[PDB]
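Data block for data26.json (JSON, N, CA and C atoms):
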```json
[["chain", "number", "residue", "atom", "x", "y", "z"],
["A", 1, "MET", "N", 0.83, -1.20, 0.00],
["A", 1, "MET", "CA", 0.00, 0.00, 0.00],
["A", 1, "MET", "C", 0.86, 1.24, 0.00],
["A", 2, "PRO", "N", 0.83, 1.99, -1.10],
["A", 2, "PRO", "CA", 1.66, 3.19, -1.17],
["A", 2, "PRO", "C", 1.30, 4.24, -0.14],
["A", 3, "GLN", "N", 0.04, 4.31, 0.28],
["A", 3, "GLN", "CA", -0.35, 5.30, 1.27],
["A", 3, "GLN", "C", 0.46, 5.18, 2.55],
["A", 4, "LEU", "N", 0.95, 3.99, 2.85],
["A", 4, "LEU", "CA", 1.69, 3.77, 4.07],
["A", 4, "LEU", "C", 3.16, 4.14, 3.95],
["A", 5, "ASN", "N", 3.60, 4.56, 2.77],
["A", 5, "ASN", "CA", 5.01, 4.90, 2.59],
["A", 5, "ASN", "C", 5.33, 6.21, 3.28],
["A", 6, "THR", "N", 5.78, 6.13, 4.52],
["A", 6, "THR", "CA", 6.03, 7.28, 5.37],
["A", 6, "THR", "C", 7.24, 8.08, 4.91],
["A", 7, "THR", "N", 7.91, 7.65, 3.85],
["A", 7, "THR", "CA", 9.03, 8.43, 3.33],
["A", 7, "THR", "C", 8.55, 9.71, 2.65],
["A", 8, "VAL", "N", 7.46, 9.63, 1.91],
["A", 8, "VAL", "CA", 7.02, 10.74, 1.08],
["A", 8, "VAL", "C", 5.83, 11.48, 1.70],
["A", 9, "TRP", "N", 5.73, 11.50, 3.02],
["A", 9, "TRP", "CA", 4.61, 12.23, 3.64],
["A", 9, "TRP", "C", 4.78, 13.74, 3.56],
["A", 10, "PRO", "N", 5.92, 14.32, 3.95],
["A", 10, "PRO", "CA", 6.00, 15.79, 3.92],
["A", 10, "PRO", "C", 5.77, 16.38, 2.56],
["A", 11, "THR", "N", 6.16, 15.70, 1.49],
["A", 11, "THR", "CA", 5.91, 16.25, 0.16],
["A", 11, "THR", "C", 4.43, 16.26, -0.19],
["A", 12, "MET", "N", 3.60, 15.59, 0.60],
["A", 12, "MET", "CA", 2.16, 15.76, 0.47],
["A", 12, "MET", "C", 1.62, 16.78, 1.46],
["A", 13, "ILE", "N", 2.15, 16.80, 2.68],
["A", 13, "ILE", "CA", 1.62, 17.71, 3.68],
["A", 13, "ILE", "C", 1.89, 19.16, 3.29],
["A", 14, "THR", "N", 3.14, 19.48, 2.97],
["A", 14, "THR", "CA", 3.52, 20.88, 2.80],
["A", 14, "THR", "C", 2.69, 21.60, 1.74],
["A", 15, "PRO", "N", 2.66, 21.17, 0.48],
["A", 15, "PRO", "CA", 1.92, 21.95, -0.51],
["A", 15, "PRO", "C", 0.45, 22.04, -0.21],
["A", 16, "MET", "N", -0.13, 21.04, 0.46],
["A", 16, "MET", "CA", -1.51, 21.19, 0.90],
["A", 16, "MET", "C", -1.63, 22.29, 1.93],
["A", 17, "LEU", "N", -0.74, 22.31, 2.91],
["A", 17, "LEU", "CA", -0.81, 23.38, 3.90],
["A", 17, "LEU", "C", -0.65, 24.73, 3.25],
["A", 18, "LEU", "N", 0.08, 24.79, 2.14],
["A", 18, "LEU", "CA", 0.24, 26.07, 1.46],
["A", 18, "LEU", "C", -1.02, 26.45, 0.69],
["A", 19, "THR", "N", -1.61, 25.51, -0.03],
["A", 19, "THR", "CA", -2.71, 25.88, -0.92],
["A", 19, "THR", "C", -4.05, 25.95, -0.22],
["A", 20, "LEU", "N", -4.19, 25.28, 0.91],
["A", 20, "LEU", "CA", -5.47, 25.32, 1.59],
["A", 20, "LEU", "C", -5.57, 26.50, 2.52],
["A", 21, "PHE", "N", -4.45, 26.93, 3.09],
["A", 21, "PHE", "CA", -4.51, 27.98, 4.09],
["A", 21, "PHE", "C", -4.07, 29.33, 3.58],
["A", 22, "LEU", "N", -3.31, 29.40, 2.49],
["A", 22, "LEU", "CA", -2.83, 30.68, 2.00],
["A", 22, "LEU", "C", -3.42, 31.03, 0.64],
["A", 23, "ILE", "N", -3.22, 30.20, -0.37],
["A", 23, "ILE", "CA", -3.67, 30.57, -1.70],
["A", 23, "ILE", "C", -5.18, 30.60, -1.77],
["A", 24, "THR", "N", -5.83, 29.49, -1.43],
["A", 24, "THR", "CA", -7.27, 29.44, -1.58],
["A", 24, "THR", "C", -7.96, 30.46, -0.69],
["A", 25, "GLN", "N", -7.48, 30.63, 0.53],
["A", 25, "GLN", "CA", -8.08, 31.64, 1.38],
["A", 25, "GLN", "C", -7.98, 33.01, 0.76],
["A", 26, "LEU", "N", -6.89, 33.29, 0.04],
["A", 26, "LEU", "CA", -6.76, 34.58, -0.61],
["A", 26, "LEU", "C", -7.72, 34.69, -1.78],
["A", 27, "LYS", "N", -7.73, 33.69, -2.65],
["A", 27, "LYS", "CA", -8.63, 33.73, -3.78],
["A", 27, "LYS", "C", -10.07, 33.87, -3.33],
["A", 28, "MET", "N", -10.37, 33.44, -2.11],
["A", 28, "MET", "CA", -11.68, 33.75, -1.56],
["A", 28, "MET", "C", -11.76, 35.22, -1.16],
["A", 29, "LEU", "N", -10.80, 35.68, -0.35],
["A", 29, "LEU", "CA", -10.84, 37.05, 0.15],
["A", 29, "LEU", "C", -11.02, 38.07, -0.95],
["A", 30, "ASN", "N", -10.53, 37.77, -2.15],
["A", 30, "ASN", "CA", -10.78, 38.67, -3.26],
["A", 30, "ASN", "C", -12.22, 38.65, -3.71],
["A", 31, "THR", "N", -12.95, 37.58, -3.44],
["A", 31, "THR", "CA", -14.35, 37.48, -3.87],
["A", 31, "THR", "C", -15.20, 38.17, -2.82],
["A", 32, "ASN", "N", -15.68, 39.37, -3.14],
["A", 32, "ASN", "CA", -16.49, 40.16, -2.23],
["A", 32, "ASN", "C", -17.89, 40.33, -2.80],
["A", 33, "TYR", "N", -18.86, 40.44, -1.91],
["A", 33, "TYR", "CA", -20.27, 40.60, -2.27],
["A", 33, "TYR", "C", -20.74, 41.94, -1.73],
["A", 34, "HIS", "N", -20.75, 42.96, -2.58],
["A", 34, "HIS", "CA", -21.22, 44.28, -2.18],
["A", 34, "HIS", "C", -22.68, 44.21, -1.74],
["A", 35, "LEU", "N", -23.04, 45.08, -0.81],
["A", 35, "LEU", "CA", -24.43, 45.18, -0.40],
["A", 35, "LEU", "C", -25.27, 45.70, -1.57],
["A", 36, "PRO", "N", -26.55, 45.34, -1.63],
["A", 36, "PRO", "CA", -27.34, 45.67, -2.82],
["A", 36, "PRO", "C", -27.57, 47.16, -2.91],
["A", 37, "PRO", "N", -27.68, 47.73, -4.13],
["A", 37, "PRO", "CA", -27.98, 49.16, -4.28],
["A", 37, "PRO", "C", -29.35, 49.46, -3.67],
["A", 38, "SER", "N", -29.40, 50.41, -2.73],
["A", 38, "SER", "CA", -30.68, 50.76, -2.06],
["A", 38, "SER", "C", -30.95, 52.26, -2.21],
["A", 39, "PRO", "N", -31.23, 52.78, -3.43],
["A", 39, "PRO", "CA", -31.56, 54.19, -3.60],
["A", 39, "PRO", "C", -32.67, 54.57, -2.62],
["A", 40, "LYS", "N", -32.35, 55.40, -1.62],
["A", 40, "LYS", "CA", -33.33, 55.82, -0.63],
["A", 40, "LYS", "C", -34.19, 56.96, -1.14],
["A", 41, "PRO", "N", -35.41, 56.69, -1.57],
["A", 41, "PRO", "CA", -36.32, 57.79, -1.89],
["A", 41, "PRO", "C", -37.08, 58.27, -0.67],
["A", 42, "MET", "N", -36.40, 58.36, 0.48],
["A", 42, "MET", "CA", -36.92, 59.13, 1.61],
["A", 42, "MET", "C", -35.73, 59.50, 2.49],
["A", 43, "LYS", "N", -35.17, 60.68, 2.26],
["A", 43, "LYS", "CA", -34.13, 61.22, 3.13],
["A", 43, "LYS", "C", -34.09, 62.72, 2.87],
["A", 44, "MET", "N", -34.69, 63.49, 3.77],
["A", 44, "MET", "CA", -34.75, 64.93, 3.58],
["A", 44, "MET", "C", -34.80, 65.59, 4.96],
["A", 45, "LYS", "N", -33.65, 66.07, 5.42],
["A", 45, "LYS", "CA", -33.58, 66.88, 6.62],
["A", 45, "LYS", "C", -33.97, 68.29, 6.21],
["A", 46, "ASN", "N", -35.26, 68.56, 6.24],
["A", 46, "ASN", "CA", -35.77, 69.90, 6.07],
["A", 46, "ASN", "C", -36.21, 70.36, 7.44],
["A", 47, "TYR", "N", -35.53, 71.37, 7.97],
["A", 47, "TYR", "CA", -35.95, 71.99, 9.21],
["A", 47, "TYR", "C", -37.41, 72.38, 9.12],
["A", 48, "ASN", "N", -38.01, 72.60, 10.30],
["A", 48, "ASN", "CA", -39.36, 73.12, 10.37],
["A", 48, "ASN", "C", -39.46, 74.38, 9.53],
["A", 49, "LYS", "N", -40.57, 74.56, 8.88],
["A", 49, "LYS", "CA", -40.73, 75.79, 8.15],
["A", 49, "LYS", "C", -40.46, 77.00, 9.04],
["A", 50, "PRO", "N", -39.70, 77.91, 8.57],
["A", 50, "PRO", "CA", -38.90, 78.79, 9.43],
["A", 50, "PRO", "C", -39.68, 79.42, 10.57],
["A", 51, "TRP", "N", -40.69, 80.22, 10.25],
["A", 51, "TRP", "CA", -41.74, 80.60, 11.20],
["A", 51, "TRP", "C", -41.32, 80.74, 12.66],
["B", 55, "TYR", "N", -83.87, 125.52, 8.67],
["B", 55, "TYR", "CA", -85.00, 124.75, 9.19],
["B", 55, "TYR", "C", -85.18, 124.98, 10.68],
["B", 56, "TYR", "N", -84.08, 125.10, 11.41],
["B", 56, "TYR", "CA", -84.15, 125.42, 12.83],
["B", 56, "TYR", "C", -84.13, 126.91, 13.10],
["B", 57, "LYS", "N", -83.58, 127.71, 12.18],
["B", 57, "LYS", "CA", -83.61, 129.15, 12.36],
["B", 57, "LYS", "C", -85.03, 129.68, 12.36],
["B", 58, "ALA", "N", -85.93, 129.03, 11.62],
["B", 58, "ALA", "CA", -87.29, 129.50, 11.46],
["B", 58, "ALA", "C", -88.31, 128.66, 12.22],
["B", 59, "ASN", "N", -87.86, 127.72, 13.04],
["B", 59, "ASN", "CA", -88.81, 126.86, 13.74],
["B", 59, "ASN", "C", -88.52, 126.78, 15.23],
["B", 60, "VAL", "N", -87.26, 126.91, 15.61],
["B", 60, "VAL", "CA", -86.87, 126.87, 17.02],
["B", 60, "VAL", "C", -86.95, 128.29, 17.55],
["B", 61, "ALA", "N", -88.05, 128.62, 18.21],
["B", 61, "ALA", "CA", -88.24, 129.95, 18.77],
["B", 61, "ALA", "C", -87.37, 130.21, 19.99],
["B", 62, "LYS", "N", -86.63, 129.22, 20.47],
["B", 62, "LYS", "CA", -85.75, 129.44, 21.61],
["B", 62, "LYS", "C", -84.63, 130.40, 21.23],
["B", 63, "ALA", "N", -84.33, 131.32, 22.14],
["B", 63, "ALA", "CA", -83.37, 132.38, 21.87],
["B", 63, "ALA", "C", -81.96, 131.82, 21.93],
["B", 64, "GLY", "N", -81.23, 131.92, 20.81],
["B", 64, "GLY", "CA", -79.83, 131.56, 20.76],
["B", 64, "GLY", "C", -79.51, 130.09, 20.93],
["B", 65, "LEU", "N", -80.50, 129.25, 21.24],
["B", 65, "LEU", "CA", -80.23, 127.83, 21.43],
["B", 65, "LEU", "C", -79.73, 127.20, 20.14],
["B", 66, "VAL", "N", -80.48, 127.38, 19.05],
["B", 66, "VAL", "CA", -80.00, 126.90, 17.76],
["B", 66, "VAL", "C", -78.67, 127.56, 17.40],
["B", 67, "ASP", "N", -78.56, 128.86, 17.67],
["B", 67, "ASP", "CA", -77.36, 129.60, 17.28],
["B", 67, "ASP", "C", -76.13, 129.06, 18.00],
["B", 68, "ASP", "N", -76.15, 129.09, 19.34],
["B", 68, "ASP", "CA", -74.98, 128.65, 20.08],
["B", 68, "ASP", "C", -74.74, 127.16, 19.92],
["B", 69, "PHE", "N", -75.80, 126.37, 19.73],
["B", 69, "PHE", "CA", -75.60, 124.96, 19.44],
["B", 69, "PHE", "C", -74.81, 124.78, 18.15],
["B", 70, "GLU", "N", -75.26, 125.43, 17.07],
["B", 70, "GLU", "CA", -74.56, 125.33, 15.80],
["B", 70, "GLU", "C", -73.13, 125.85, 15.92],
["B", 71, "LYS", "N", -72.93, 126.91, 16.70],
["B", 71, "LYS", "CA", -71.60, 127.50, 16.79],
["B", 71, "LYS", "C", -70.65, 126.58, 17.54],
["B", 72, "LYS", "N", -71.05, 126.13, 18.74],
["B", 72, "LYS", "CA", -70.22, 125.19, 19.48],
["B", 72, "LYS", "C", -69.99, 123.92, 18.68],
["B", 73, "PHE", "N", -70.94, 123.54, 17.83],
["B", 73, "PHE", "CA", -70.72, 122.42, 16.93],
["B", 73, "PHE", "C", -69.60, 122.73, 15.94],
["B", 74, "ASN", "N", -69.71, 123.86, 15.25],
["B", 74, "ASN", "CA", -68.61, 124.30, 14.40],
["B", 74, "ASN", "C", -67.35, 124.51, 15.22],
["B", 75, "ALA", "N", -67.50, 124.94, 16.47],
["B", 75, "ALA", "CA", -66.38, 125.06, 17.39],
["B", 75, "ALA", "C", -65.97, 123.72, 17.98],
["B", 76, "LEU", "N", -66.62, 122.63, 17.58],
["B", 76, "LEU", "CA", -66.26, 121.30, 18.05],
["B", 76, "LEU", "C", -65.35, 120.64, 17.02],
["B", 77, "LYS", "N", -64.29, 120.01, 17.51],
["B", 77, "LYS", "CA", -63.39, 119.22, 16.67],
["B", 77, "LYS", "C", -63.26, 117.85, 17.31],
["B", 78, "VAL", "N", -63.80, 116.84, 16.64],
["B", 78, "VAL", "CA", -63.79, 115.49, 17.20],
["B", 78, "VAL", "C", -62.35, 115.00, 17.31],
["B", 79, "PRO", "N", -61.97, 114.31, 18.38],
["B", 79, "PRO", "CA", -60.60, 113.80, 18.45],
["B", 79, "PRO", "C", -60.39, 112.65, 17.49],
["B", 80, "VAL", "N", -59.71, 112.92, 16.38],
["B", 80, "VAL", "CA", -59.37, 111.88, 15.41],
["B", 80, "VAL", "C", -58.20, 111.10, 15.98],
["B", 81, "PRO", "N", -58.42, 109.89, 16.47],
["B", 81, "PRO", "CA", -57.36, 109.21, 17.23],
["B", 81, "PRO", "C", -56.25, 108.73, 16.32],
["B", 82, "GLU", "N", -55.03, 108.74, 16.86],
["B", 82, "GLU", "CA", -53.85, 108.24, 16.17],
["B", 82, "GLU", "C", -53.58, 106.80, 16.59],
["B", 83, "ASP", "N", -53.05, 106.01, 15.66],
["B", 83, "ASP", "CA", -52.88, 104.58, 15.89],
["B", 83, "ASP", "C", -51.90, 104.32, 17.03],
["B", 84, "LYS", "N", -50.64, 104.70, 16.84],
["B", 84, "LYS", "CA", -49.52, 104.23, 17.65],
["B", 84, "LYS", "C", -49.42, 102.71, 17.65],
["B", 85, "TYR", "N", -50.00, 102.06, 16.63],
["B", 85, "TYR", "CA", -49.96, 100.61, 16.52],
["B", 85, "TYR", "C", -49.28, 100.12, 15.26],
["B", 86, "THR", "N", -49.11, 100.97, 14.25],
["B", 86, "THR", "CA", -48.58, 100.50, 12.98],
["B", 86, "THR", "C", -47.06, 100.39, 13.01],
["B", 87, "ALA", "N", -46.39, 101.30, 13.72],
["B", 87, "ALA", "CA", -44.93, 101.29, 13.72],
["B", 87, "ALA", "C", -44.39, 99.97, 14.25],
["B", 88, "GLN", "N", -44.98, 99.46, 15.32],
["B", 88, "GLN", "CA", -44.45, 98.23, 15.91],
["B", 88, "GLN", "C", -44.65, 97.04, 14.98],
["B", 89, "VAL", "N", -45.81, 96.96, 14.33],
["B", 89, "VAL", "CA", -46.00, 95.84, 13.41],
["B", 89, "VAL", "C", -45.10, 96.00, 12.20],
["B", 90, "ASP", "N", -44.78, 97.24, 11.82],
["B", 90, "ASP", "CA", -43.82, 97.45, 10.75],
["B", 90, "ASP", "C", -42.45, 96.92, 11.15],
["B", 91, "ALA", "N", -42.02, 97.22, 12.38],
["B", 91, "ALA", "CA", -40.72, 96.74, 12.84],
["B", 91, "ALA", "C", -40.70, 95.23, 12.93],
["B", 92, "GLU", "N", -41.78, 94.63, 13.43],
["B", 92, "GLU", "CA", -41.86, 93.18, 13.49],
["B", 92, "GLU", "C", -41.79, 92.58, 12.10],
["B", 93, "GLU", "N", -42.48, 93.20, 11.14],
["B", 93, "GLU", "CA", -42.38, 92.77, 9.76],
["B", 93, "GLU", "C", -40.94, 92.85, 9.28],
["B", 94, "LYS", "N", -40.24, 93.92, 9.63],
["B", 94, "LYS", "CA", -38.86, 94.07, 9.19],
["B", 94, "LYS", "C", -38.00, 92.93, 9.72],
["B", 95, "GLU", "N", -38.13, 92.64, 11.01],
["B", 95, "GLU", "CA", -37.37, 91.55, 11.60],
["B", 95, "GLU", "C", -37.70, 90.23, 10.91],
["B", 96, "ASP", "N", -38.99, 89.99, 10.66],
["B", 96, "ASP", "CA", -39.38, 88.76, 9.99],
["B", 96, "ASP", "C", -38.80, 88.70, 8.59],
["B", 97, "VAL", "N", -38.71, 89.84, 7.91],
["B", 97, "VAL", "CA", -38.10, 89.89, 6.60],
["B", 97, "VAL", "C", -36.64, 89.48, 6.69],
["B", 98, "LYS", "N", -35.92, 90.02, 7.67],
["B", 98, "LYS", "CA", -34.52, 89.64, 7.84],
["B", 98, "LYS", "C", -34.40, 88.14, 8.06],
["B", 99, "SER", "N", -35.24, 87.59, 8.93],
["B", 99, "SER", "CA", -35.15, 86.17, 9.25],
["B", 99, "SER", "C", -35.43, 85.32, 8.02],
["B", 100, "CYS", "N", -36.50, 85.62, 7.30],
["B", 100, "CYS", "CA", -36.81, 84.80, 6.13],
["B", 100, "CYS", "C", -35.76, 84.99, 5.05],
["B", 101, "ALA", "N", -35.14, 86.17, 4.98],
["B", 101, "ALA", "CA", -34.08, 86.38, 4.01],
["B", 101, "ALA", "C", -32.89, 85.47, 4.29],
["B", 102, "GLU", "N", -32.44, 85.44, 5.55],
["B", 102, "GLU", "CA", -31.32, 84.57, 5.86],
["B", 102, "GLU", "C", -31.70, 83.11, 5.67],
["B", 103, "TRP", "N", -32.94, 82.76, 6.03],
["B", 103, "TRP", "CA", -33.38, 81.38, 5.85],
["B", 103, "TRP", "C", -33.33, 80.98, 4.39],
["B", 104, "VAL", "N", -33.84, 81.84, 3.51],
["B", 104, "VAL", "CA", -33.90, 81.46, 2.11],
["B", 104, "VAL", "C", -32.52, 81.47, 1.49],
["B", 105, "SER", "N", -31.62, 82.32, 1.97],
["B", 105, "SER", "CA", -30.24, 82.25, 1.48],
["B", 105, "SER", "C", -29.61, 80.91, 1.85],
["B", 106, "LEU", "N", -29.74, 80.50, 3.11],
["B", 106, "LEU", "CA", -29.16, 79.23, 3.53],
["B", 106, "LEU", "C", -29.79, 78.07, 2.78],
["B", 107, "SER", "N", -31.09, 78.15, 2.53],
["B", 107, "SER", "CA", -31.76, 77.08, 1.80],
["B", 107, "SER", "C", -31.30, 77.06, 0.35]]
```
Is it possible to give me this structure as structure tokens?
Amino acid sequence: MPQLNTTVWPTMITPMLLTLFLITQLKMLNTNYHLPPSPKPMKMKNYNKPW
Amino acid sequence: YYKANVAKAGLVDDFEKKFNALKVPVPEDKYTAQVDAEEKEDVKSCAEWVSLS
């Protein structure tokens, strides 16, 4: 069983630790979801009529 | 009409004269100046308001 060959373990561990925790996490961080456009048709600070 | 009907001596005469000698007191307001000044202040206020607006 090749899986049991403990000679070549680090050459599997290292690049996985690199691509799962650094590269892929970054390629995610670049993917952002902006909040939806919410044109507010009610916003008017008009003081009381002067009076 | 009273000269020829009122036989009272001088009553019509002195009545008419004191009437002509009467001057009714035509009262003065003393109320318009203050409302004018209040209007002026209100004009200033609305002017600054409309400028800022």
Contact table chain A vs chain B, cut-off 10 Å, shortest pair per residue, only C-alpha atoms, as a tab-separated table:
```
residue	atom	partner	partner_atom	distance
A:46	CA	B:107	CA	9.3
A:47	CA	B:107	CA	9.9
A:49	CA	B:103	CA	9.5
A:50	CA	B:103	CA	7.1
A:51	CA	B:100	CA	8.2
```
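Relative to CA of residue 82 (chain B), CA of residue 69 (chain B) is found at 27.6 Å.
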For a test of reading the model, state the distance in Å between atom C of residue 70 (chain B) and atom C of residue 56 (chain B), rounded to one decimal.
11.4 Å
Would you give the centre and edge lengths, in Å to one decimal, of a box along x, y and z around the listed atoms of region 56-67 of chain B, with 4 Å added to each side, as AutoDock Vina command-line options?
```
--center_x -82.5 --center_y 128.7 --center_z 16.8 --size_x 20.7 --size_y 15.3 --size_z 18.7
```
DSSP says alpha helix (DSSP H) for which residues of chain B? Put them as JSON, numbers by chain?
{"B": [65, 66, 67, 68, 69, 70, 71, 72, 73, 74, 86, 87, 88, 89, 90, 91, 92, 93, 94, 95, 96, 97, 98, 99, 100, 101, 102, 103, 104, 105, 106]}
